[PDB]
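One letter stands for each residue in the lines below.
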Amino acid sequence: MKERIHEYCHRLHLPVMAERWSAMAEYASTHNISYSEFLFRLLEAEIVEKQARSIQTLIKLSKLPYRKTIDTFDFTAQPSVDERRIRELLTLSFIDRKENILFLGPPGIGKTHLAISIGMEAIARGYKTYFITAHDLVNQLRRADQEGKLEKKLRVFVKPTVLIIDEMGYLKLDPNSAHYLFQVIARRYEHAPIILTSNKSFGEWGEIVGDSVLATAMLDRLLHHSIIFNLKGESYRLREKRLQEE
DNA sequence: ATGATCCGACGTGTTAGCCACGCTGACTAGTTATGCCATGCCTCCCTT
DNA sequence: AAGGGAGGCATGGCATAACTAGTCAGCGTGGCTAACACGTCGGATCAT
Ligand SMILES: Nc1ncnc2c1ncn2[C@@H]1O[C@H](COP(=O)(O)OP(=O)(O)OP(=O)(O)O)[C@@H](O)[C@H]1O
Ligand SMILES: [Mg+2]
């Protein structure tokens with residue numbers, strides 16, 4: 001009969017339930033527990049494992065290079081940013097408010113770290129997330145359009161609840177393809193937040209995309225509902241380099 | 001990589017209204033039938 | 001039984017005359033379209 005239970009558990013797509021079947025049976029036998037409560041505990045454990053696996057699969061699907069969180073961010077080394085605003089962001093009220101989040105400042109000041117932390121927080125609470133660099137997004141959209149499947153990739157870039165655009169400005173975008181980026185900003189406008197990190201000021205966006213009018217339209221759509229952080233201070237990579245040297 | 005599930009879009013059915021196609025009649029033009037003559041092919045008969 | 005020869009009938013070509021098909025116009029009837037609602041099928045995504 002035990003083999004039948006194991007086979008049924010595997011067929012019903014409950015691997016972990018079967019794995020811990022003997023342990024839970026022994027626990028129930030040793031200590032008297034109501035059947036309802038025992039099933040509640042078993043289903044709760046299965047749901048916890050399923051949630052962990054789903055979070056890991058979402059992390060894999062969302063191309064996050066390195067996993068980080070707010071807990072690892074040192075506000076003392078970066079006093080230019082108020083921790084209160086970051087904590088307010090972590091509440092994910094902007095998702096309901098459709099507000100974007102723009103990080104600006106010199107390289108290595110934690111912009112990417114903060115963006116990844118916000119993305120991880122969104123993923124944990126069950127919100128679909130996606131991470132990509134601006135150059136990669138533009139190139140992927142261009143390649144999809146050249147294949148006559150731009151709409152599919154546009155859906156891919158629009159479907160995520162939280163889209164992260166990292167390093168917008170380090171590499172100049174091809175003028176013939178900048179519009180692709182605008183499309184995303186045009187379709188995610190008032191629909192889903194965008195977390196964009198850059199080292200260039202807004203006035204220079206025209207240089208990045210090579211079209212002043214398109215850059216102005218993109219900025220107007222992006223900044224309509226957004227929270228802008230102007231981070232300052234010394235580079236964290238250089239700080240670590242000095243600490244290692246010293 | 002395959003199967004199962006869920007979601008979204010398209011097709012269908014129904015009803016009503018409008019537009020296009022079919023039928024009919026008349027007139028004109030082009031094609032077919034027929035007669036006649038000539039030639040070729042098919043059939044029948046006879047011989048081996 | 002097969003081959004060759006002879007005879008008869010059928011076909012083709014040409015010319016003329018008559019009948020039928022095509023075209024156009026008008027009117028009537030049937031089919032297509034549109035709108036809306038509902039159900040089914042296809043596609044995409046996630047889990048094994
Ligand atoms: N305050 C901080 N606390 C902890 N780690 C930090 C902090 N600031 C930066 N780092 C780490 O330093 C490295 C570079 O920082 P990060 O990429 O977040 O900065 P950035 O401004 O987005 O960089 P860049 O523009 O050069 O790409 C990463 O490992 C990041 O985790
Ligand atoms: Mg960075």
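Rules used in this analysis
- Throughout, a per-chain count from 1 in the order the sequence is written supplies the residue numbers; the entry may number residues differently, and those without coordinates are omitted.
- Ligands are numbered from 1 and chains lettered from A, in the order in which they are written.
- Note that these chains sit within a larger assembly, yet all values were taken from the shown part only.
- In computing side-chain properties, one takes all heavy atoms of the structure into account and sets aside hydrogens as well as water.
- Each helix is a run of H or I in the DSSP string that is no shorter than four residues. Each strand is a run of E no shorter than two, and both are numbered from the N terminus.
- As defined in this context, the radius of gyration uses C-alpha atoms, and a globule is described by 2.2 Å times the residue total to the power 0.38.
- When a residue's accessible area, from a 1.4 Å probe over protein chains only, is under 20% of the maximum for its type it is buried; when over 50% it is exposed; and in between it is partly exposed.
- For this description, a residue counts as near a given molecule or strand if any of its non-hydrogen atoms is within 4 Å of it.
- By the criterion applied in these results, polar contacts are pairs of N or O atoms within 3.5 Å in which, for protein atoms, one can donate a hydrogen and the other can accept it, and in which residues neighboring in sequence qualify only through two side-chain atoms.
- At least two bridges found by DSSP between two strands is the condition for calling them paired.
- A fitted line through C-alpha atoms serves as each axis, taken over the contacting stretch for helices, and the angle formed by two N-to-C directions is quoted from 0 to 180°.
- For the accessible areas, the method is Shrake-Rupley and the probe is 1.4 Å, while residue cover comes only from the protein chains on display.
- Surface patches are drawn from residues lacking salt bridges whose relative accessible area is over 30%; two like charges belong together within 9 Å, two nonpolar side chains (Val, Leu, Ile, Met, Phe, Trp, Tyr) within 5 Å.
- Just to be clear on terms, a salt bridge is a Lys or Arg side-chain nitrogen sitting within 4 Å of an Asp or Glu carboxyl oxygen.
- Contact between two residues is taken to exist if any of their heavy atoms lie within 4.5 Å; hydrogens are not considered.
- Here a pair means two rings of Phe, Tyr or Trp (six-membered ring of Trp) with centres within 6.5 Å. Their orientation is stacked below 30 degrees between planes, edge-to-face above 60, and tilted elsewhere.
- UniProt positions are given in the numbering used here, feature names are shortened, and annotations may be inferred rather than shown by experiment.

### Remarks on the overall build of chain A
Next, step 1: A count of helices and strands for chain A gives 13 helices and five strands.
Next, step 2: Radius of gyration (C-alpha) of chain A: 23 Å, far over the 18 Å computed for a compact globule of 246 residues.
Next, step 3: Projected onto its principal axes, the C-alpha positions of chain A cover 75 × 55 × 35 Å.
Next, step 4: Counting across all 246 residues of chain A, residues that qualify as buried make up 39%.

### A few points about the protein's contact with DNA strand C
Next, step 1: In the vicinity of DNA strand C, the contacting residues are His-13, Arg-53, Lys-128 and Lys-159.
Next, step 2: Within the backbone of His-13, one N or O atom sits 3.4 Å away from a phosphate oxygen of DNA strand C.
Next, step 3: Within the side chain of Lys-128, an N or O atom sits 3.1 Å from a phosphate oxygen of DNA strand C.

### Thoughts on the sheet that holds strand β4 (residues 194-198)
Next, step 1: Reading across the sheet, the five strands line up as β2-β3-β4-β1-β5 and stay open at both edges, with parallel pairing between neighbours. Of all strands in the sheet, those bounded by a partner on one side alone are β2 (129-133) and β5 (226-230). Each strand of the sheet is rotated relative to its neighbour by a mean of 10°, with strand direction disregarded.
Next, step 2: Where β2 meets strand β3 (residues 162-166), five bridges bridge the pair, whose relative direction is parallel. Residue pairing across strands places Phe-131 opposite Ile-164, the latter belonging to β3.

### Details of the site of ligand 1
Next, step 1: Within the structure, ligand 1 sits among 16 residues, and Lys-111, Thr-112, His-113, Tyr-170 and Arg-237 are positioned closest to it.
Next, step 2: The contact in question runs from an oxygen atom of ligand 1 to an N or O atom on the side chain of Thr-112, over 2.3 Å.
Next, step 3: Here an oxygen atom of ligand 1 and a backbone polar atom of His-113 are 2.6 Å apart.
Next, step 4: If ligand 1 stood free it would expose 620 Å²; the protein chains cover 88% of that surface.
Next, step 5: Broken down by secondary-structure element, the contributors of at least two residues to the shell around ligand 1 are α7 (111-124) and α13 (236-245).

### Regarding a nonpolar patch on the surface
Next, step 1: A cluster of nonpolar side chains, contributed by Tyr-35, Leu-39 and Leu-43, occupies part of the molecular surface with about 380 Å² of accessible area.
Next, step 2: Relative to the helices and strands, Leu-39 is located in helix α4 (residues 35-61).
Next, step 3: The partly exposed category is assigned to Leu-39, whose relative accessible area is 47%.

### Considerations on the environment of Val-158
Next, step 1: With respect to the secondary-structure elements, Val-158 resides in helix α9 (residues 150-158).
Next, step 2: We classify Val-158 as partly exposed; its relative accessible area is 22%.
Next, step 3: Setting aside its immediate chain neighbours within four residues, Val-158 contacts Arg-187 and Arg-188.

### Some details on unusual backbone geometry
Next, step 1: You will see that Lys-98, though not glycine, has its phi angle at about 60°, which is positive.
Next, step 2: Tracing the chain through its elements places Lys-98 in the loop between α6 (93-97) and β1 (100-104).
Next, step 3: On the basis of relative accessibility, which here comes to 30%, the residue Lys-98 falls in the partly exposed class.
Next, step 4: With phi around 60°, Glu-190 is a residue other than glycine that occupies positive phi space.

### Observations concerning the side chain of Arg-142
Next, step 1: Following the sequence through the fold, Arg-142 ends up in helix α8 (residues 134-146).
Next, step 2: In terms of polar contacts, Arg-142 uses its side chain to reach the side chain of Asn-139, at 3.1 Å.
Next, step 3: Filtering out sequence-adjacent residues up to four positions away, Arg-142 remains in contact with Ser-177 and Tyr-180.

### Observations concerning the packing of aromatic side chains
Next, step 1: Inspection of every chain in the model, using the stated rule, returns three aromatic pairs.
Next, step 2: Both rings, one in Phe-103 and one in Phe-229, keep their centres 5.7 Å apart while their planes meet at 15°; by these two values the pair is stacked. Of this pair, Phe-103 sits in strand β1 while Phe-229 sits in strand β5, and the two are 126 residues apart along the sequence.
Next, step 3: Residue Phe-103 is classed as buried on the basis of its relative accessible area, which comes to 1%.
Next, step 4: Classification of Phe-229 as buried rests on a relative accessible area of 2%.

### Considerations on the UniProt feature "binding site: ATP" in chain A
Next, step 1: Those places that UniProt annotates as "binding site: ATP" correspond, in this numbering, to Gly-105, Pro-106, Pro-107, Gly-108, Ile-109, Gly-110, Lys-111 and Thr-112.
Next, step 2: Relative to the elements of secondary structure, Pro-107 occurs in the loop between β1 and α7.
Next, step 3: When near neighbours in sequence (up to four residues on either side) are disregarded, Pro-107 contacts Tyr-170, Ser-235 and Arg-237.
Next, step 4: Topologically, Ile-109 is positioned in the loop between β1 and α7.
Next, step 5: Judged by its relative accessible area of 2%, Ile-109 is buried.
Next, step 6: Apart from residues lying up to four places away in sequence, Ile-109 is in contact with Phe-73, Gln-78, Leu-104, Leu-231, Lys-232, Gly-233 and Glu-234.

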